[PDB]
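Have a look at the structure below, then the notes.
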Amino acid sequence: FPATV
Amino acid sequence: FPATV
Amino acid sequence: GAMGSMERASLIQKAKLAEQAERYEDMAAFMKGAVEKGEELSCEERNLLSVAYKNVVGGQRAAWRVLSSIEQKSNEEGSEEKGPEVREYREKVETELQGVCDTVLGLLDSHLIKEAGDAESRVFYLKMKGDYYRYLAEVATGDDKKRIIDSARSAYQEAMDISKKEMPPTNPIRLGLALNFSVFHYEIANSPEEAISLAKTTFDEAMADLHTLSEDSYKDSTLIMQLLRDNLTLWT
Amino acid sequence: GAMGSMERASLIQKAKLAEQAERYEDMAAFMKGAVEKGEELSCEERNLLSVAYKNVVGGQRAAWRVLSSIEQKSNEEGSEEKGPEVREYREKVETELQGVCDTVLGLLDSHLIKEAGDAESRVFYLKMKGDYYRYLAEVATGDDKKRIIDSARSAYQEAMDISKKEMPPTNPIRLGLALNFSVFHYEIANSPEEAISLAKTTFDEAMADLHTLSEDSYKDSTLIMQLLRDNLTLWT
Ligand SMILES: COc1ccc(C[C@H](C)CN)c2cc(C(=N)N)sc12
Ligand SMILES: COc1ccc(C[C@H](C)CN)c2cc(C(=N)N)sc12
Ligand SMILES: [Mg+2]
Ligand SMILES: [Mg+2]
Ligand SMILES: [Mg+2]
Ligand SMILES: [Mg+2]
């Protein structure tokens, strides 16, 4: 999965 | 801590 | 509210203890109690709220993805029928996830967003609104799916519009918003080109503003810039 | 019982799904429901029960130790008074941990142990009884502390007596029992010499019986033997 914050 | 199972 | 009898300061203190103990459900319950005291949240308090719920919903999302994968395989051609149980349990986790998202969105609507006037609070809360509508969108399938997606987009867009007018391009809230809105474009809105364009423009505009920062602010901003780069590498 | 309307087989299936999703609280609730159907548990089912509750209580114990450490530091000389909150929250986690232990012990007493006649089931359940009394002992401070410790010892001892008469020295249940009873001696009963003696004798008697085993049984037994050795290295 792509990075989120 | 020591190992337990 | 089960936290209605506890002092605000004690709820905040216990949220910090729960974090140290990796008790994120407790942390979230304490911070919900603190929000429900009705006072605005300081910067640290806002981040305690978001950390708590992000960890809770993150575990739910990870579990939902495991179960959804198993369910997809249980319905492929040639697979042995195993009954309703996989769907039922995936639905149970999904309903709990939706309940957490509805709780967070409820706190934002009653009444965190309407009292948030400074950019650092208002952008933070609108990013959260977009994030939790995005989590709802990840599991949505009914008549309201497009409206859920558009609610995420609308919140992210308002946050973006404020952030571009009121915050420097290296502001970590602005960077994290852009990171997450870019992921929304890629994974929810079927807009990979928009996702890549947003991540690249955000990265490049932040790079050009790093020279204005102290050492500690530089570390904060470059951490998120690396996540933008990580996503661009994954997508190109 | 909230699981009373679900089929036994469906509870077992959902426990396995919960494990894959790392949803151990759900796993434990499903397995409690399965036990409460009143039928004896197969070997795999017994291990699903133990895995679920071990993961739940393990998280509670880790959190309790973090909070207890913070509480100890809050009461040292020169420390700033921070109010009742650390103690209250440690007590909250402790009460939840005790509730999980009481639930497990309740399942064992109603009615898993009394129906367990084969060594592999009866030793397993008595080991569990000792383990969950040991977790109660880790947090116990009142008039009943010595009785809690003795309840752990008594259960472990009955399990040991059966295991030595009915199981080979390499049996993984027997090995894990001895590992855990050794830890009870070291960390609960203030008996480090007994802990070391038990771990060493168990290891050496298992070593001498490995020649009788298949490849797969050898792997099962040597895994636990390595834990005995790990503890002996820590203690000597
Ligand atoms: C932007 O996020 C934060 C900024 C500052 C703090 C620290 C506070 C001001 C005193 N040190 C803080 C603490 C967090 C946590 N407990 N996870 S997030 C966070
Ligand atoms: C001694 O522990 C086990 C023995 C055998 C199995 C497998 C079963 C027989 C079919 N493969 C089993 C599964 C476990 C789990 N889900 N954690 S524990 C465990
Ligand atoms: Mg007050
Ligand atoms: Mg634009
Ligand atoms: Mg039936
Ligand atoms: Mg002896």
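Remember, it's 1-based here, ligands and their atoms both numbered in the order they're listed. Throughout, protein chains are lettered first and strands after them, A, B, ... in sequence-line order, and every chain is numbered starting at 1.
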Can you find a protein heavy atom closer to atom 15 (C) of ligand 1 than 4.0 Å?
yes

Looking only at protein heavy atoms, identify the closest one to atom 17 (N) of ligand 1 and say how far it is in Å.
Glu19(C) OE2, 2.9 Å

In ligand 1, the atoms that come under 4.0 Å of a heavy atom of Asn47(C) are 1 (C), 2 (O), 18 (S)

Is it true that, when you exclude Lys200(C) itself, more than 12 heavy atoms of the residues, nucleotides or ligands shown sit nearer than 6.0 Å to its NZ?
no

Could you check atom 12 (C) of ligand 1 against the protein and tell me its nearest heavy-atom contact, residue, atom and distance included?
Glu44(C) CG, 4.2 Å

Atom of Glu7(C) nearest the Mg ion (ligand 3) (restricted to N/O/S, atom name only)
OE1

Please work out whether the ring planes of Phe30(C) and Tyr89(D) are parallel, tilted or perpendicular, with thresholds of 30° and 60°.
perpendicular

Report yes or no: do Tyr156(D) and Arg134(D) form a side-chain donor-acceptor pair below 3.5 Å?
yes

Ignoring hydrogens, tell whether any protein atom lies closer than 4.0 Å to atom 10 (C) of ligand 1; use the non-hydrogen atoms only.
yes

Answer yes or no: are there more than 12 heavy-atom neighbours, outside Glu138(C) itself, under 6.0 Å from its atom CD?
yes

When rounded to the nearest 0.5 angstrom, what is the spacing between CZ in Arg229(C) and CZ in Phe203(C)?
3.5 Å

